[PDB]
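S.K.: This one is protein.cif, mmCIF, C-alpha atoms.
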```
data_coords
#
loop_
_atom_site.label_atom_id
_atom_site.label_comp_id
_atom_site.auth_asym_id
_atom_site.auth_seq_id
_atom_site.Cartn_x
_atom_site.Cartn_y
_atom_site.Cartn_z
CA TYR C 9 63.70 135.84 128.14
CA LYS C 10 66.76 135.81 130.42
CA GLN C 11 66.52 132.03 130.87
CA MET C 12 66.58 131.72 127.09
CA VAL C 13 69.43 134.23 126.87
CA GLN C 14 71.50 132.42 129.48
CA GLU C 15 71.24 129.08 127.74
CA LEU C 16 71.94 130.56 124.25
CA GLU C 17 75.21 132.10 125.40
CA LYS C 18 75.96 128.75 127.02
CA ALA C 19 75.47 127.23 123.59
CA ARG C 20 77.59 129.86 121.85
CA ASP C 21 80.25 129.39 124.50
CA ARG C 22 80.06 125.72 123.48
CA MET C 23 80.58 126.36 119.76
CA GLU C 24 83.70 128.56 120.27
CA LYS C 25 85.12 125.61 122.23
CA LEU C 26 84.20 123.12 119.49
CA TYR C 27 85.92 125.35 116.98
CA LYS C 28 89.11 125.96 118.87
CA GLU C 29 89.41 122.27 119.58
CA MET C 30 89.07 121.56 115.85
CA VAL C 31 91.76 124.20 115.16
CA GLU C 32 94.13 122.78 117.83
CA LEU C 33 93.53 119.44 116.09
CA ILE C 34 94.50 120.91 112.74
CA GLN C 35 97.66 122.64 113.99
CA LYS C 36 98.96 119.47 115.68
CA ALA C 37 98.25 117.56 112.47
CA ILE C 38 100.44 120.16 110.76
CA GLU C 39 103.28 119.72 113.28
CA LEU C 40 103.03 115.98 112.56
CA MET C 41 103.44 116.80 108.87
CA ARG C 42 106.61 118.83 109.50
CA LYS C 43 108.23 116.16 111.71
CA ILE C 44 107.34 113.70 108.92
CA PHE C 45 109.17 115.91 106.46
CA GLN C 46 112.19 116.32 108.69
CA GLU C 47 112.46 112.55 109.12
CA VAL C 48 112.47 112.24 105.31
CA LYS C 49 115.10 114.99 104.89
CA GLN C 50 117.41 113.43 107.52
CA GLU C 51 117.17 110.09 105.67
CA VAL C 52 117.85 111.62 102.20
CA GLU C 53 120.95 113.42 103.54
CA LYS C 54 122.30 110.27 105.20
CA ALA C 55 121.78 108.29 101.99
CA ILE C 56 123.81 110.97 100.27
CA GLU C 57 126.57 110.72 102.91
CA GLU C 58 126.62 107.01 102.08
CA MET C 59 126.80 107.44 98.29
CA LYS C 60 129.84 109.62 98.91
CA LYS C 61 131.65 107.04 101.07
CA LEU C 62 130.71 104.51 98.32
CA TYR C 63 132.51 106.64 95.76
CA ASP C 64 135.57 107.16 97.87
CA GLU C 65 135.67 103.43 98.66
CA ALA C 66 135.51 102.67 94.94
CA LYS C 67 138.09 105.30 93.98
CA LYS C 68 140.81 104.21 96.40
CA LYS C 69 140.48 100.70 94.94
CA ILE C 70 140.57 101.87 91.36
CA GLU C 71 143.49 104.28 91.82
CA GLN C 72 145.62 101.59 93.40
CA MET C 73 144.58 99.31 90.54
CA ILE C 74 145.95 102.00 88.24
CA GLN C 75 149.17 101.94 90.23
CA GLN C 76 149.22 98.20 89.55
CA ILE C 77 148.95 99.28 85.92
CA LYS C 78 151.91 101.65 86.13
CA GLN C 79 154.04 98.79 87.49
CA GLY C 80 152.19 96.08 85.58
CA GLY C 81 153.39 94.05 82.65
CA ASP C 82 151.50 91.82 80.23
CA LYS C 83 148.59 92.70 77.95
CA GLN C 84 146.88 90.00 79.96
CA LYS C 85 147.43 91.46 83.43
CA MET C 86 146.26 94.77 81.95
CA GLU C 87 142.87 93.55 80.75
CA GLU C 88 142.61 91.70 84.07
CA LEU C 89 142.99 94.86 86.11
CA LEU C 90 140.64 96.78 83.82
CA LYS C 91 138.33 93.91 84.51
CA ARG C 92 138.63 94.34 88.26
CA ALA C 93 137.83 98.05 87.83
CA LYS C 94 134.67 97.61 85.81
CA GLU C 95 133.70 95.05 88.44
CA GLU C 96 134.23 97.35 91.41
CA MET C 97 132.43 100.16 89.61
CA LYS C 98 129.40 97.92 88.92
CA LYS C 99 129.25 97.06 92.59
CA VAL C 100 129.12 100.75 93.43
CA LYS C 101 126.40 101.55 90.85
CA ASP C 102 124.28 98.71 92.18
CA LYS C 103 124.62 99.98 95.67
CA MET C 104 123.50 103.45 94.74
CA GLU C 105 120.58 101.99 92.75
CA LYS C 106 119.52 100.32 96.05
CA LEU C 107 119.88 103.60 97.97
CA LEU C 108 117.71 105.59 95.61
CA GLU C 109 115.04 102.92 95.51
CA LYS C 110 115.03 103.23 99.31
CA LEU C 111 114.53 107.00 98.95
CA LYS C 112 111.52 106.57 96.60
CA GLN C 113 109.73 104.25 98.97
CA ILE C 114 110.44 106.46 101.99
CA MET C 115 108.96 109.36 99.93
CA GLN C 116 105.86 107.35 99.22
CA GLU C 117 105.60 106.34 102.88
CA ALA C 118 105.58 110.03 103.87
CA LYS C 119 103.08 111.06 101.23
CA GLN C 120 100.53 108.45 102.05
CA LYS C 121 100.96 109.37 105.74
CA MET C 122 100.18 113.00 104.88
CA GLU C 123 97.06 111.99 103.00
CA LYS C 124 96.00 109.94 106.03
CA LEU C 125 96.42 113.01 108.24
CA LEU C 126 94.42 115.20 105.87
CA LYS C 127 91.60 112.66 105.72
CA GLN C 128 91.43 112.49 109.53
CA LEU C 129 91.28 116.26 109.55
CA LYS C 130 88.34 116.21 107.14
CA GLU C 131 86.29 113.68 109.05
CA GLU C 132 86.80 115.28 112.41
CA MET C 133 85.69 118.51 110.80
CA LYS C 134 82.49 116.68 109.78
CA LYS C 135 81.99 115.46 113.33
CA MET C 136 82.56 119.02 114.55
CA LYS C 137 79.85 120.24 112.14
CA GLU C 138 77.19 117.79 113.18
CA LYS C 139 77.76 118.54 116.84
CA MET C 140 77.04 122.22 116.21
CA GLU C 141 73.92 121.28 114.29
CA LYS C 142 72.62 119.17 117.14
CA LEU C 143 73.23 122.32 119.26
CA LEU C 144 71.07 124.26 116.85
CA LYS C 145 68.38 121.64 117.32
CA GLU C 146 68.47 122.06 121.07
CA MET C 147 68.04 125.79 120.65
CA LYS C 148 65.13 125.36 118.33
CA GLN C 149 63.46 123.02 120.77
CA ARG C 150 63.87 125.17 123.88
CA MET C 151 62.46 127.96 121.77
CA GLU C 152 59.48 125.82 120.87
CA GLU C 153 59.23 125.27 124.60
CA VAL C 154 59.18 128.96 125.47
CA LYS C 155 56.46 129.19 122.80
CA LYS C 156 54.11 126.39 123.80
CA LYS C 157 54.18 127.55 127.40
CA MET C 158 54.05 131.30 127.79
CA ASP C 159 51.43 132.71 125.43
CA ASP C 162 55.27 138.60 120.62
CA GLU C 163 58.29 140.90 120.91
CA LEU C 164 59.98 138.37 123.17
CA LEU C 165 59.20 135.53 120.77
CA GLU C 166 61.00 137.57 118.10
CA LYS C 167 63.78 138.63 120.44
CA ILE C 168 64.62 134.97 120.77
CA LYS C 169 64.02 133.89 117.18
CA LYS C 170 66.56 136.46 116.03
CA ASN C 171 69.10 135.37 118.62
CA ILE C 172 68.76 131.82 117.48
CA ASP C 173 69.45 132.91 113.94
CA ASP C 174 72.54 134.80 115.08
CA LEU C 175 74.18 131.99 116.90
CA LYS C 176 73.71 130.00 113.72
CA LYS C 177 75.54 132.57 111.63
CA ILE C 178 78.23 132.27 114.32
CA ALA C 179 78.44 128.53 113.71
CA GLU C 180 78.64 128.92 109.93
CA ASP C 181 81.56 131.42 110.19
CA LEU C 182 83.40 129.09 112.59
CA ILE C 183 82.83 126.16 110.21
CA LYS C 184 84.21 128.22 107.33
CA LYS C 185 87.24 129.21 109.40
CA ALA C 186 87.94 125.57 110.11
CA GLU C 187 87.56 124.72 106.42
CA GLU C 188 90.11 127.45 105.53
CA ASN C 189 92.51 125.77 107.99
CA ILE C 190 92.00 122.31 106.58
CA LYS C 191 92.43 123.82 103.20
CA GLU C 192 95.65 125.49 104.32
CA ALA C 193 97.28 122.57 106.08
CA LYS C 194 96.63 120.67 102.88
CA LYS C 195 98.71 123.35 101.18
CA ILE C 196 101.54 122.89 103.66
CA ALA C 197 101.56 119.16 103.09
CA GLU C 198 101.81 119.42 99.34
CA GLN C 199 104.56 122.06 99.73
CA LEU C 200 106.50 119.65 101.96
CA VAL C 201 106.15 116.83 99.46
CA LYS C 202 107.59 119.18 96.81
CA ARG C 203 110.58 120.05 99.07
CA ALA C 204 111.38 116.36 99.40
CA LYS C 205 111.00 115.39 95.80
CA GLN C 206 113.68 118.01 95.23
CA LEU C 207 115.93 116.14 97.63
CA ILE C 208 115.28 112.79 95.98
CA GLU C 209 116.16 114.46 92.65
CA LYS C 210 119.35 115.95 94.18
CA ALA C 211 120.44 112.61 95.57
CA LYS C 212 119.90 111.00 92.12
CA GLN C 213 122.21 113.67 90.74
CA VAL C 214 125.03 113.23 93.27
CA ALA C 215 124.83 109.54 92.50
CA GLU C 216 124.97 110.03 88.71
CA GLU C 217 127.88 112.50 88.89
CA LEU C 218 129.90 110.26 91.23
CA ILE C 219 129.40 107.32 88.86
CA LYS C 220 130.61 109.66 86.07
CA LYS C 221 133.80 110.48 87.97
CA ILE C 222 134.44 106.73 88.42
CA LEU C 223 133.99 106.22 84.70
CA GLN C 224 136.52 108.95 83.98
CA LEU C 225 138.85 106.99 86.26
CA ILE C 226 138.47 103.74 84.37
CA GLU C 227 139.04 105.68 81.16
CA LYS C 228 142.20 107.37 82.51
CA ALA C 229 143.44 103.98 83.63
CA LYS C 230 142.54 102.67 80.18
CA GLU C 231 144.58 105.27 78.29
CA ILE C 232 147.39 104.71 80.75
CA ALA C 233 147.26 100.97 80.13
CA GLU C 234 147.57 101.77 76.43
CA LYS C 235 150.39 104.31 77.10
CA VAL C 236 152.45 101.56 78.67
CA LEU C 237 151.12 99.25 75.95
CA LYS C 238 152.61 101.56 73.37
CA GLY C 239 156.00 101.63 75.02
#
```
Can you dump the structure from the file as structure tokens?

M.R.:
Amino acid sequence: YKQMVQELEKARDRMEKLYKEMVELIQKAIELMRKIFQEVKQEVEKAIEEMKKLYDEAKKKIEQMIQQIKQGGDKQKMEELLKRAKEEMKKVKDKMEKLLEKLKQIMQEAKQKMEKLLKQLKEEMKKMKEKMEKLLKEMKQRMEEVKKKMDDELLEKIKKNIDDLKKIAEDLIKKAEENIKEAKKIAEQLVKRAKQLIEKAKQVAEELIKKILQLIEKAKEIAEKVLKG
């Protein structure tokens, strides 16, 4: 009985190792997910810091155009400068349009990477399961050994220890499935936090284009104010 107690605790000592290696696996996969999110956030912020310099670049140009309006003269020259302003503004809107499209594809890049991680997690959890089940087979066989050789309370002291270290394996498998099904949660939460940043960048871009429009309108009324007299 001791030689079938020794080897069973060897087996159990094996399953706790299988488990904790699956859980180390999961937690590193999660750290990969967070560095993936931080890369995305860094990129969204920089794109914003570029939409801002786009606006300022456009606004210096347009304000000095408006100065050319204050000192301008001809209906002609007026419409020509208004022309230059709608032109410069269109440039800026196009550039932002590019930036945001960049942000959408980076978002998609990070989401499909997170689904790849989660799938890897799932399969390695399957591999981890079937290894434990092979272990259960080895236990069942060495028990059939200890049967076919020595020939009733021992038999049942081992057949109840083999059914315990199976219960062990099922709890450890359920623990691992709670981890896979929690890391999944963290990944979807981190995709939410980044869709918020894509929708904030869209908003900075829209509001900056709105300020530029107010500038062409100011300049328009001013062109008419000098047009009047």

S.K.: From the set C:121, C:185, C:155, C:78, which residue has the shortest atom-to-atom contact distance to residue 133 in chain C, counting all atoms listed in the file?

M.R.: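 Checking each of C:121, C:185, C:155, C:78 against residue 133 in chain C, counting all atoms listed in the file, the winner is C:185.
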
S.K.: Show me a table, sorted first by chain and then by increasing residue number, of the residues of range 11-78 of chain C having an atom at most 12 Å from range 92-115 of chain C, each with its shortest atom pair and the distance in Å to one decimal, counting only C-alpha atoms and written as a tab-separated table.

M.R.:
```
residue	atom	partner	partner_atom	distance
C:44	CA	C:115	CA	10.1
C:45	CA	C:115	CA	9.3
C:46	CA	C:115	CA	11.6
C:47	CA	C:114	CA	9.6
C:48	CA	C:114	CA	7.0
C:49	CA	C:115	CA	9.7
C:50	CA	C:111	CA	11.1
C:51	CA	C:111	CA	7.9
C:52	CA	C:111	CA	6.6
C:53	CA	C:111	CA	10.2
C:54	CA	C:107	CA	10.1
C:55	CA	C:107	CA	6.5
C:56	CA	C:107	CA	8.7
C:57	CA	C:107	CA	10.9
C:58	CA	C:107	CA	8.6
C:59	CA	C:104	CA	6.3
C:60	CA	C:104	CA	9.8
C:61	CA	C:100	CA	10.2
C:62	CA	C:100	CA	6.4
C:63	CA	C:100	CA	7.2
C:64	CA	C:100	CA	10.1
C:65	CA	C:100	CA	8.8
C:66	CA	C:96	CA	6.5
C:67	CA	C:97	CA	8.8
C:68	CA	C:96	CA	10.7
C:69	CA	C:96	CA	7.9
C:70	CA	C:93	CA	5.9
C:71	CA	C:93	CA	9.3
C:72	CA	C:93	CA	10.2
C:73	CA	C:93	CA	7.4
C:74	CA	C:93	CA	9.0
C:76	CA	C:92	CA	11.3
C:77	CA	C:93	CA	11.3
```

S.K.: Just want the 12 Å neighbourhood of range 169-184 of chain C, counted on all atoms listed in the file, with same-chain residues fewer than 3 positions away dropped. Output as a VMD selection string.

M.R.: chain C and resid 9 12 to 31 130 132 to 152 154 to 155 162 to 166 187 to 191

S.K.: Edge lengths and centre, in Å to one decimal, as JSON: that's what I need for the box along x, y and z that holds all listed atoms of range 182-186 of chain C plus 8 Å on each side.

M.R.:
```
{"center_x": 85.4, "center_y": 127.4, "center_z": 110.0, "size_x": 21.1, "size_y": 19.6, "size_z": 21.3}
```

S.K.: If you measure from CA of residue 234 in chain C to CA of residue 87 in chain C, what distance in Å do you get, rounded to one decimal?

M.R.: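 Between these atoms lies a distance of 10.4 Å.
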
S.K.: Calculated over all atoms listed in the file, which of the candidates C:229, C:168, C:34, C:118 has the smallest distance to residue 10 in chain C?

M.R.: C:168

S.K.: For a quick check of understanding, using all atoms listed in the file, which of C:35, C:202, C:159, C:90 has the smallest distance to residue 227 in chain C?

M.R.: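 Smallest separation from residue 227 in chain C among the options: C:90.
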
S.K.: Any chance you could work out the residue set of the PyMOL selection byres ((chain C and resi 83) around 12) here, as a PyMOL selection string?

M.R.: chain C and resi 77+80-82+84-90+230+233-239

S.K.: Rounded to one decimal place, report the CA of residue 117 in chain C-CA of residue 131 in chain C distance in Å.

M.R.: 21.6 Å

S.K.: Which value, in Å to one decimal, gives the distance between CA of residue 201 in chain C and CA of residue 122 in chain C?

M.R.: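 Going from CA of residue 201 in chain C over to CA of residue 122 in chain C, I get 8.9 Å.
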
S.K.: Output the residue selection produced by the PyMOL selection byres ((chain C and resi 194) around 10) on the file above, formatted as a PyMOL selection string.

M.R.: chain C and resi 38+41+122-123+125-127+129+188-193+195-200
